[PDB]
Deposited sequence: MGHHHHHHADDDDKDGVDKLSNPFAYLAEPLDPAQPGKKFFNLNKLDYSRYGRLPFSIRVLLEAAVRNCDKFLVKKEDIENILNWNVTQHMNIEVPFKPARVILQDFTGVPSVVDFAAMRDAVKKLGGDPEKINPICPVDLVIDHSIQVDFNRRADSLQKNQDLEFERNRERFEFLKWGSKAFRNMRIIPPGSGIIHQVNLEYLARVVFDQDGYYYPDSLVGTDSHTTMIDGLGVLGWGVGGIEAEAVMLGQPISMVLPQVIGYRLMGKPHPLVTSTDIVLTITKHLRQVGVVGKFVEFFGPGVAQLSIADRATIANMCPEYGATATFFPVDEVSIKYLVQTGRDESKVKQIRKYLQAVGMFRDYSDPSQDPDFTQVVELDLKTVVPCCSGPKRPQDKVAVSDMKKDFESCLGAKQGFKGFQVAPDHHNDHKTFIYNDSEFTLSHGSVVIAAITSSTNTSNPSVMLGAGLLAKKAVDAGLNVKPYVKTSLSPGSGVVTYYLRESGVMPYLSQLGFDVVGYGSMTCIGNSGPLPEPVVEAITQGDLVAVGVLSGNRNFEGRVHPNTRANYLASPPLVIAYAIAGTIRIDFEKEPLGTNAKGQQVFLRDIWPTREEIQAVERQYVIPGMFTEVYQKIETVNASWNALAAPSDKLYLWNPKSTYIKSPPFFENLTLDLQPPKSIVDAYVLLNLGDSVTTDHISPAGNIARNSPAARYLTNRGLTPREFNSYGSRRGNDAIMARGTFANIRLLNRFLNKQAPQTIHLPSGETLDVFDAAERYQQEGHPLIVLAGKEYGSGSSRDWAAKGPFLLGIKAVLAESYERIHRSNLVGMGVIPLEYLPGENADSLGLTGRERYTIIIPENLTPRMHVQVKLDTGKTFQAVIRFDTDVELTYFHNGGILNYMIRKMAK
C-alpha cells in the first residue's frame, strides 16, 4: 500500500477520478523552498511509494533536500517514461518477449508482462538492409506491448523536434496527473530539460531496469541556481547569451550537480534557447540543467499542436501542486545550494579578426580597432601602412557602374552554418534584418561576393516558414573568386580589403588571397557590413546608407529585436515544423503478441535465462568446488568484459558465425548482435587487450585448468559447463569501470560465472551483476589475492546461508584447506530479493504469473 495515498485528491472536484499527489500538504515549509527540479524527484517517489522499491525514508530524504544535499545520500528516481535510441532497445525487447514465453510456459497470461512505463523507440538516424531484421523486430514490439511507440527510419530526422514531440511535460494517465520525466539511452536526452522535463541519458541496462520497475539510484544532487536579470543590448544574439552562460557554468564547477534557472531573464529565453543550453550540459559536466515550466513552456505546447483544453489542464495541475514557474515572482524562488548570476546587459557582441579567430573585438570598437591596425607594426593586429596612406582608395568599374574601394572595404560577405544549436533563431534574425533593409530601400553593392549556405536541418524551417528567403535573395544571399575589377582595384591601391564571415565551420578555408583582413561575426552582422560596404563604420552615428529616396537609414532602424524574432518564430516557424512531424509519423506507421523466434536468424534469438524456471523460489544454492575462469587485475573495464566494435577473425564469435554460412565481410559488430545471446556470450571477455594473470599478457584467453589447455575464454567456459564445474572470477580493484556495455552482466552469466571476488567494484556494474543473479563478493579491507596467497588454481567453495543479510560476511574454503572471509555485496533488501529470485527478470516473471 502507498503510505502517501492520503495526499491523493482530485485536481478538479467535477472530475473525482482524476487525482494528483498534493505535495503541498506533505510539508509546505520545506516543499515551498525546494528547487523545482528536486520537486519532480519528490513527486515521483511519493506517487510510487511501495515500501519496497521506493520506501518512505526515501521520500523523507528528498523532502529534506536542504539538509540531505550535503550528506551524499542515494535516493530513488522513477522516470515517467523511457527513450531507447536507434537499435539500443533490442536486447530489452528481447528480454520482454522471452519473459512472455516464460510466463506462458508457467500457465499464466503473457500479456501481464509489459513495460511498467511508456517507451519510445526513436530510430531517427540518417546498409539499410543490414538493419532490416532488427528494425522489424522492434516494430513487432511496438504492436505487441502497451504504450510502446516508435519513430521509424525515414520520417522525422530532426532529432530535436522528435524529442519535443514525445515530450508530455505533464502526464494525464490512469487516473493521475504527474510531471513528465525520463531517462534514455540517447546522449541528447538532457535537451528536453529546457522544456521543463527532467531527465538525462543512462546506460542500456539502467533503462531496462526502469522498464522493469526499478528506480534509477542517484545521489541527491546539489542544485546551482543560475539567475538571469536585466536586458541584453540591441546587437546581442542568442548564441552570444548561450555561450556566455555556457562558458560561465564551466568555471563555476557544476560537474555532478543539477543546474536550475531562474530570475526574470528566463522569460527572455525561447524554448529553443533553453533546449540549446540544456543540451550542452555534457560540456559543463552537469547531470541536468532544468528550466521550470512557465508560461513560455505552456505557450510552446500550443505552438506544437497540443490542444488548448489539455494544455490548460496541464497548467492548472502544475499550479495546484506548485510546479508552475513564475520567474517574475522572487517570493517563489527556491533555496539553491549556490547562486550564480548574469545581468544580460553584460554580454557584448564581438567579431574576431582581422587575422585570428581568438582576437576578439567588440562590435562598437570595430572602426577604432581597425584604424589602429592600419598603423600598428605588422603583427596579428597590424598591417603597417605609411600614416599618409591610411585614407587611401582607388576606383573601378563593375557592370557599367563606378565604385570606390577604400581601406577596410568589404568584398566578401559569406554566411554559413554554425555548429551551435541556437543558430536557427540567429539566421532568422539575419533574414528579418534583410526584409527590413529591403523595405527601407537599402541594398548591397553588386561587386560584393555574397553567399548563404545555412546547411541542412532545423534552420531550413526557420528560413522557409518565415518567408524571408525572397528578401535575402534580393540582397545577394541565395541558397548555395572575386570580380576581376575588384582584385585589380585592391592590388593597384595596395589595399587591406575585408572579408566578413558568419559560421565557425572552418575559418582559414575561405581567406581569399585578396582579403588581407577577415572577421567572424553573427549572421545578421554579416549582412549589415555588406549593406555598409565597410567595417570602418560607427553604427551609432553613421547611416547604413541613404534611402534610395530621401533620408538616411541606421542599423538600429533595421535590426530586429529578440522579441520580434521570437514572434515570427512562434506564429510561423514552430507550428509549421511540428505539423509536418505529426504527418511524417502518422503516414509512415500506417504501412503496417508472442514473438515467432526464427531459428535461422543471427540477429534475434531467445535467451537461455529462463530454462527450468520454477514458479516457487528454491533456497539459494552454494557454490561448490568452483574453478576460477579468469584471474584478473585492477581496472577491468566494461569493454574488457564485453567488447564493442568489430569481431576478430580468430574469435569464438567468428567461428560461430562461420559455421552458419557467414563470411567475415558480413559478421558486423558485436553491438549489432546484441539481440543474439549466442554471439554476445562468445564475445564476453574477448577483448584482445584483456590481461589475464594466468597468462601475464594481453590475450582474450584463459587456462582450462583440468586440461591445462589455453583456449579463448568462451571456449574454456563451455568446456567447464559441460564438465559440470561451477565458475567464479577473481579481480583486483575497480572492477567493471567504464562506459555502458549492455552485456557486461548477461555475458558473464552465460559463461557460467556464479560469482566474482574483487577488492573493489564500480557502483553501477555491481548492481548490474546482482540484477543477473551473480554474487558480488568483496575482500575484507586490507586483503586481496596476493595477501591471501590465492593463485587462482585452487577450487573455491562458498556456502550461502538462507538467512542472508545486507553486506553479510561469509567464509570461503579452498580445496587446499585454506580459509578466509569475504563480504557478500548485496546492499539492500530489494537486491536480496533479486538474488533469491535469480535476477530482476526472473523476479518480474514470478510477480506476473499468478
message: As a test: can you identify every run of the deposited sequence that has no C-alpha position in this structure, in order?
response: 1-20, 147-164, 519-530, 643-650
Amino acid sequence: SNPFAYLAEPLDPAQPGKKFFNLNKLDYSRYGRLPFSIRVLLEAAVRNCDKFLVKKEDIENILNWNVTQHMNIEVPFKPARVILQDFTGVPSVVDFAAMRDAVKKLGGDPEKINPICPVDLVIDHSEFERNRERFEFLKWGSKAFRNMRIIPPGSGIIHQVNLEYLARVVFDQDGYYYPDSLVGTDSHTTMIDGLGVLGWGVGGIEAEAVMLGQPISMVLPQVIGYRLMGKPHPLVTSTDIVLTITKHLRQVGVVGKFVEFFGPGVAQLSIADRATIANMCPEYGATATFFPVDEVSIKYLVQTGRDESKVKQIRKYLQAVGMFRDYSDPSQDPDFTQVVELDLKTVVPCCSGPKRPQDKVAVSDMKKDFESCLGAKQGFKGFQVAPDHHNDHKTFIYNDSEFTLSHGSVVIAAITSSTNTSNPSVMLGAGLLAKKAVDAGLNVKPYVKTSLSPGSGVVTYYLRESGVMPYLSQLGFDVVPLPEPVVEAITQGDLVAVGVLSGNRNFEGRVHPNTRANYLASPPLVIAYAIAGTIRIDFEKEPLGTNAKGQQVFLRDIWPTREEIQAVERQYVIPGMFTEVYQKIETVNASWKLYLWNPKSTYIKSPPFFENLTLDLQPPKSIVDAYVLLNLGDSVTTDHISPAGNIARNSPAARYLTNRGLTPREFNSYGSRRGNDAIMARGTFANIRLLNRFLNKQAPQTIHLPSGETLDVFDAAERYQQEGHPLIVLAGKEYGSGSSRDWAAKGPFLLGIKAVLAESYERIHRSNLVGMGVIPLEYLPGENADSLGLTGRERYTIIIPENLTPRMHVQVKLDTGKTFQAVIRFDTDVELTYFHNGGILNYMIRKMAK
From here on, numbers count along this sequence of modelled residues.
field: Mean Cα B-factor comparison, 823-831 or 8-16, giving the higher one as deposited
entry: 8-16
Between 436-444 and 541-549 (mean CA B-factor, as deposited), the higher: 541-549
query: Which listed residue, 219, 280, 198, 555, has the largest C-alpha temperature factor in the record?
result: 555
task: Sort 522, 612, 244, 421 by C-alpha B-factor from the entry and give me just the highest.
output: 612
message: Is residue 491 in the lowest, middle or highest third of its chain when residues are ranked by C-alpha B-factor?
response: highest
Residue 638 - Cα temperature factor, lowest/middle/highest third of chain: lowest
- prompt: Taking the entry's C-alpha B-factors for this chain, is residue 383 in the lowest, middle or highest third?
  reply: highest
message: Split into thirds by Cα B-factor across the chain's modelled residues, where does residue 208 land: lowest, middle or highest?
response: lowest
field: Entry-reported Cα temperature factor of residue 514, expressed as the chain third it lands in
entry: highest
